[PDB]
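Structure assessment
This is what each chain is made of:
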Amino acid sequence: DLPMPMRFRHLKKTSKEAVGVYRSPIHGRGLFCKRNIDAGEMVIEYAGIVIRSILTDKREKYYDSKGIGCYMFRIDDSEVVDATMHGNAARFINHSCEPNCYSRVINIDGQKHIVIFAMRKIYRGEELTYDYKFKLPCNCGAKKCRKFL
Ligand SMILES: Nc1ncnc2c1ncn2[C@@H]1O[C@H](CN(CC[C@H](N)C(=O)O)CC2CN(Cc3cccc(Cl)c3)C2)[C@@H](O)[C@H]1O
Ligand SMILES: [Zn+2]
């Protein structure tokens, strides 16, 4: 509808009104919508620090040794977004084999941002989920479940 940079500019204030973090029956805590989200709507940024992929093993190791949950989003084989210290509510988005959301790497004014889009209209109360990029069982509960993450 509106160009990608024109759609990114409006998020921080609107995401606070559109989504919340609560207990999820899929796993631990999840992201849920507080009001209906239109199909194609830019929901929230997966906020954090873009770091080199080779650095993730040691960073995860450091966080695990401190008893701090490690929240990372895989961009590609070379970069990852570390949402552990400088993240937002998007770090709680669970995986699903019938997602209602999808992740995209956008580039606004030279800077890379991971944004979450709604692929269908999402209704008040629904949990927001995306198909994770990647031995680990899946609890999304969908009919067409891949049964592993
Ligand atoms: N469909 C699915 N079927 C089963 N498992 C699923 C799932 N989709 C998501 N997951 C699990 O979640 C992880 C992704 N996380 C998303 C938010 C998560 N729900 C959360 O409460 O923090 C962020 C991770 C960082 N970690 C901190 C943590 C570590 C141990 C226990 C707990 Cl409570 C929390 C969690 C995946 O790696 C899976 O392990
Ligand atoms: Zn599934």
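Residues numbered from 1 in each chain as written, not as in the entry; some residues may be left out. Chains lettered and ligands numbered in written order. Heavy atoms only, no water. Residues with missing side-chain atoms left out of burial classes, pairs and counts.

Some details on the side chain of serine 24
- Within the fold, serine 24 resides in the loop between strand 1 (19–23) and strand 2 (29–33).
- For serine 24, the side chain forms a polar contact with the main-chain nitrogen of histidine 27, separated by 3.5 Å.
- Here the side chain of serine 24 touches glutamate 127 through a polar contact of 2.7 Å, side chain to side chain.
- Setting aside its immediate chain neighbours within four residues, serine 24 contacts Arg29, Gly30, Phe32, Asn94 and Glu127. (Helix = DSSP H or I, 4+ residues; strand = E, 2+ residues; numbered from the N terminus. Polar contact = N/O pair within 3.5 Å; in protein donor to acceptor, adjacent residues only side chain to side chain. Contact = heavy atoms within 4.5 Å.)

Some thoughts on the UniProt feature "binding site: Zn(2+)" (unreviewed entry) in the protein chain
- UniProt annotation of "binding site: Zn(2+)" (unreviewed entry) refers to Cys140 and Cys145 when read in the numbering used here.
- With respect to the helices and strands, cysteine 140 occurs in the segment after strand 10 (129–130).
- Other than its neighbours up to four places away in sequence, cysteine 140 contacts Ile26, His95, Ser96, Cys97 and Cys145.
- Tracing the backbone shows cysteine 145 in the segment after strand 10.
- Once residues lying within four places of it in the same chain are set aside, the contact partners of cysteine 145 are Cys97, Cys138 and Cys140. (UniProt positions renumbered as here; feature names shortened; annotations may be inferred.)

Digging into the pairing of strand 8 (residues 101–108)
- Taken together, the eight bridges between strand 8 and strand 9 (residues 111–118) define a ladder with antiparallel strand orientation. Counted as the bridge partner of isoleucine 106 is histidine 113 from strand 9.
- Hairpin remark: strand 8 followed by strand 9, antiparallel, with two residues in the connecting loop; positive phi at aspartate 109, about 55 degrees. (Pairing = 2+ DSSP bridges.)

Brief notes about the sheet that holds strand 5 (residues 72–74)
- Read across the open sheet, the three strands follow the order 4-6-5; overall the sheet is antiparallel. With partners counted over all chains shown, the strands left at the sheet margins are strand 4 (49–52) and strand 5, one partner each. Neighbour-to-neighbour, the strand axes of the sheet open up by a mean angle of 30 degrees, direction not taken into account.
- Here three bridges tie strand 5 to strand 6 (residues 79–82), and the two strands are oriented antiparallel to one another. For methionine 72, the partnering residue across the bridge sits in strand 6 and is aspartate 82.
- Relative to the sheet, helix 3 (residues 56–65) contacts strand 4, strand 5 and strand 6, its axis offset from that of strand 5 by approximately 160 degrees. (Axes fitted to C-alpha atoms, helices over the stretch in contact; angles between N-to-C directions.)

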